[PDB]
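An overview of the molecular structure
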Amino acid sequence: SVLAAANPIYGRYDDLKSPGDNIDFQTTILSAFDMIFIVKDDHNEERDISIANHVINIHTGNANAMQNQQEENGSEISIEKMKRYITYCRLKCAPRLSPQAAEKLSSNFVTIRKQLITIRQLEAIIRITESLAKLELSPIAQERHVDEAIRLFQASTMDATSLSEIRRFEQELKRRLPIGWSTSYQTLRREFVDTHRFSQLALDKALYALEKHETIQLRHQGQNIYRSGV
Amino acid sequence: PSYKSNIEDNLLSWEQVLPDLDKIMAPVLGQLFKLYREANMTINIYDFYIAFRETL
Amino acid sequence: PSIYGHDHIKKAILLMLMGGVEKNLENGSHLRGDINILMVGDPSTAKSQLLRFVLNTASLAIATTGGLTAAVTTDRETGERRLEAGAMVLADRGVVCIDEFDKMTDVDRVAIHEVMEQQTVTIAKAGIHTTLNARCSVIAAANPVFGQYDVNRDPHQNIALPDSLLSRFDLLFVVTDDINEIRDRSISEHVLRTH
């Protein structure tokens, strides 16, 4: 089992570019990894303060008492005991999928395939639900593992009739916003969603789709939206 | 006076001046100024006309 | 049987196995009769599957990928050396199965130029000179660099092989998993039957 950490070229991953361009190796390697994580560290106010407070406690030494109490509470597992648990899990159980989990796997992947990922990608999700079943030592993999697996897969692989409504928003925004004009995310919420011309999910998906189709660019954490192309 | 600023504020914040379609739609002169701020340096007027029309 | 559709490709495989007819002339010339097939498109989409069937079915099928030129020697324990045969030479009156054809070297390409056109290999090495018959039918698979085939353009820009090399293939087919969900469900059900 291989856990690979790679530093993207140009130092920082540019969201304007396809993942292939922010990468220096063979493209076929992208077809090898089951999952990839393009983590981002965009600057923010309240999240930084919460993270910063966490760091200060660690150097304070409070984290030692906090973790031990959390271990006493059971919310945290000892590193040796967890390793003993993992070793026990590996040797003893070997789950297998259930028809309910598989049927949802096919249906969701069909929607992914139609919107666009290869046939191989769906079978990679089969490993994740097996892995979660292994942790629970359940005799069979369950659909409730797939939901997180799909979410993890979406939050990993997609780093960079409702479709008709989403594409209609694309059609409508191409008329509302000429090429080269700028607006804000909340402005679209007040003008298109508060007027109920389109749903907020359609707003989210259309903006997600338009950026990948080089139509628009999202700037300043949504405070500015600029139409880059047709 | 802030001669330039007052015009821009009146164009944006019409409710600070004005006290059955009247109850809903603001005057076009102030509303059109919103697109002007969002517009680029050079404007294809046909696209601007369509963009203005979509908001009505 | 594991591939749904691709009737022309399956017909092409049958025709390539049947082959043509060679001829001889009073001037001493000879005419090629065999047929070659080339496959292009997305890597994992049905190319390794089709090649697996043909390689397993054909009686004289040889698998190749990127010493096939048969112009190199191997030495004994006492020092004396002997040439080793190559897949193109060994596949005389047979078929050559190539995977990762795009990955083969330029040395292979210049040698296979005479193989596909003149059905012979003209070996010219230091102290060794001979001509070996290479009357072999060729079926090969290749993939674009980006992984996703640009259907709007020929393989001369999607794969960038020389036109002289590409012109030596009698038949060329491009396949890519353009998705029809109800149709892909039909073929994937048998795959799901194995899970």
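Residues numbered from 1 in each chain as written, not as in the entry; some residues may be left out. Chains lettered and ligands numbered in written order. Part of a larger assembly, values for the part shown. Heavy atoms only, no water.

Structure determination for this PDB entry is given in the record as cryo-EM, at a resolution of 3.4 Å.

**Overview of the overall build of chain B**
Counting secondary structure elements, chain B contains three helices and zero strands. What you see in chain B, going N to C, is helices and strands ordered as α-α-α. In terms of overall dimensions, chain B is more spread out than a globule: its C-alpha atoms have a radius of gyration of 13 Å, far above the 10 Å expected for 56 residues. Oriented by its inertia axes, the alpha-carbon framework of chain B measures out at about 35 × 35 × 10 Å. The buried share among the 56 residues of chain B stands at 18%. Surface exposure of chain B reaches about 4,900 Å², of which carbon and sulfur atoms provide 59%. (Helix = DSSP H or I, 4+ residues; strand = E, 2+ residues; numbered from the N terminus. Rg over C-alpha atoms; globule rule 2.2 N^0.38 Å. Buried < 20%, exposed > 50% of the residue type's maximum accessible area, 1.4 Å probe, protein only. Areas by Shrake-Rupley, 256 points an atom, 1.4 Å probe, with all protein chains shown as cover.)

**Considerations on a nonpolar patch on the surface**
Residue and element names in this part refer to chain A. Residues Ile77, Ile79, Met82 and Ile86 make up a contiguous nonpolar surface patch of roughly 360 Å² in combined accessible area. Structurally, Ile79 can be placed in helix α3 (residues 79-92). Looking at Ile79, the relative accessible area reads 57%, which means it is exposed. (Patch = residues over 30% accessible without salt bridge, like charges linked within 9 Å, V, L, I, M, F, W, Y side chains within 5 Å. Salt bridge = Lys/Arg side-chain N within 4 Å of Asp/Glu carboxyl O.)

**Brief notes about the packing of aromatic side chains**
Two measures describe an aromatic ring pair: the distance that separates the ring centres and the angle between the ring planes. Under the defined criterion, the tally for this structure stands at six aromatic pairs over all chains. Geometrically, the ring pair formed by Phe33 of chain B and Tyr36 of chain B is stacked, given 5.8 Å between the ring centres and 15° between the ring planes. Here the residue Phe33 of chain B and the residue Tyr36 of chain B both occupy positions in helix α2 (residues 28-38), the gap between them amounting to three residues, near one helical turn. Given the relative accessible area of 18%, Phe33 of chain B is considered buried. Residue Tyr36 of chain B is classed as exposed on the basis of its relative accessible area, which comes to 57%. Taken together, the ring pairs in this structure connect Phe169, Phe192 and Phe198 of chain A into an aromatic cluster. Sitting above the plane of the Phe192 of chain A ring, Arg197 of chain A keeps its charged end 4.8 Å from the centroid. Looking at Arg219 of chain A, its charged tip hangs above the ring of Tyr226 of chain A, at a distance of 4.8 Å from the centre. (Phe/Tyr/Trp six-rings, centres within 6.5 Å; stacked < 30°, edge-to-face > 60°. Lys NZ or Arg CZ within 6 Å of the ring centre and 35° of its normal.)

**With respect to the interface of chain B and chain A**
Often, the extent of an interface is quoted as the loss of accessible area upon association of its parts. Taken together, the 12 residues of chain B in the interface contact 10 residues of chain A. Roughly 940 Å² of surface becomes buried between chain B and chain A when both sides are summed, with 52% attributable to carbon and sulfur atoms. The largest contributions to the chain B side of the interface with chain A come from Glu38, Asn40 and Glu54 of chain B, which together make up 55% of the buried area. At the boundary of chain B with chain A, the tally comes to two salt bridges. Across the pair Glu191 of chain A and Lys34 of chain B runs a salt bridge whose closest N-O atoms are separated by 3.6 Å. Ranked by residues supplied to the side of chain B that touches chain A, first place goes to helix α3 (residues 45-55) of chain B with six residues. Looking at side-chain class alone, the side of chain B that touches chain A contains six nonpolar, two polar and four charged residues. (Contact = heavy atoms within 4.5 Å. Buried area = accessible area lost by both parts, 1.4 Å probe. Nonpolar A, V, L, I, M, F, W, Y, C, P; charged D, E, K, R; others polar.)

**Points about the sheet that holds strand β2 (residues 216-219) of chain A**
Residue and element names in this part refer to chain A. Taken in spatial order, the three strands of this open sheet run β1-β3-β2, and their pairing is antiparallel. Among the strands making up the open sheet, the edge pair consists of β1 (182-183) and β2. The pairing of β2 with strand β3 (residues 224-227) spans four bridges and is classified as antiparallel. Paired with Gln217 across the bridge in β3 is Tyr226. Contacting β2 and β3, helix α9 (residues 200-212) runs over the sheet at an angle of about 115° to β2. (Pairing = 2+ DSSP bridges. Axes fitted to C-alpha atoms, helices over the stretch in contact; angles between N-to-C directions.)

**Describing helix α5 (residues 119-136) of chain A**
Residue and element names in this part refer to chain A. Regarding α5, the residues found buried are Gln121, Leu122, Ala124, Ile125, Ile128, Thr129 and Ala133. Packed against the buried residues of α5 are α4 (99-115) and α6 (143-157). The N-terminus of α5 is capped by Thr118, whose side-chain oxygen sits 3.1 Å from the backbone nitrogen of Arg120. (Polar contact = N/O pair within 3.5 Å; in protein donor to acceptor, adjacent residues only side chain to side chain.)

**What to know about the packing of helix α1 (residues 46-60) of chain A against helix α2 (residues 62-73) of chain A**
Residue and element names in this part refer to chain A. It is at 5 Å that the axes of α1 and α2 come closest, and there the two elements cross at 100°. Considering their axes alone, α1 and α2 lie roughly perpendicular with respect to each other. Facing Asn57, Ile58 and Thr60 of α1, the residues of α2 in contact are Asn62, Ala63 and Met66. (Parallel < 35°, antiparallel > 145°, perpendicular 65-115°, else oblique.)

**Examining helix α4 (residues 106-118) of chain C**
Residues and elements named next belong to chain C. Its 13 residues give α4 an end-to-end C-alpha distance of 19 Å, which sits within 8% of 18 Å, the value for a rise of 1.5 Å per residue. The largest bend along α4 measures about 30° and falls at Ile112. Packing partners of the buried residues in α4 comprise α3 (87-90), β8 (120-125), β10 (137-142) and α6 (163-166). Among the residues trailing α4, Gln119 stands out with phi positive, at a value near 60°. (Expected span 1.5 Å × (residues − 1). Bend = angle between axes of the 7 residues up to and from the residue.)

**Details of unusual backbone geometry**
Excluding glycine, a negative phi dihedral is what most residues carry, and trans is how most peptide bonds are arranged. Residues and elements named next belong to chain A. Backbone geometry at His196 places phi at a positive 60°, although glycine is not the residue there. One can find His196 in the loop between α8 (185-193) and α9. Its relative accessible area of 68% is what places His196 among the exposed residues. Unusually for a residue other than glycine, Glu214 sits at a positive phi of about 60°.

**Side note on the arrangement of the chains**
There are two pairs of chains in contact here; the most contacts are made by chains A and B. The two units chain B and chain C remain apart, with a minimum C-alpha distance of 31 Å.

**Notes on the interface of chain C and chain A**
Each side of the interface is counted separately: chain C has eight residues, and chain A has six residues. For the pairing of chain C and chain A, the buried interface totals around 700 Å² over both sides, and the portion due to carbon and sulfur atoms is 57%. Three residues, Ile179, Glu181 and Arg185 of chain C, lead the burial of chain C against chain A; their summed loss comes to 48% of the area buried on that side. Applying the counting rule to chain C against chain A returns zero salt bridges. Seen at the junction of chain C and chain A, the total is two residue pairs in polar contact. Counted by class, the side of chain C that touches chain A contains five nonpolar, one polar and two charged residues.

**Here we look at the nonpolar core**
Soluble, globular proteins show a tendency: their nonpolar side chains are buried together. Formed by 29 residues in total, the largest nonpolar core has its most connected members in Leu38, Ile98, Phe101, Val115 and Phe169 of chain C. Of all hydrophobic cores here, the second largest spans 19 residues; its members include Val95, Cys97, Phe173 and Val175 of chain C. (Core = buried A, V, L, I, M, F, W, Y, C linked by side-chain atoms within 4.5 Å.)

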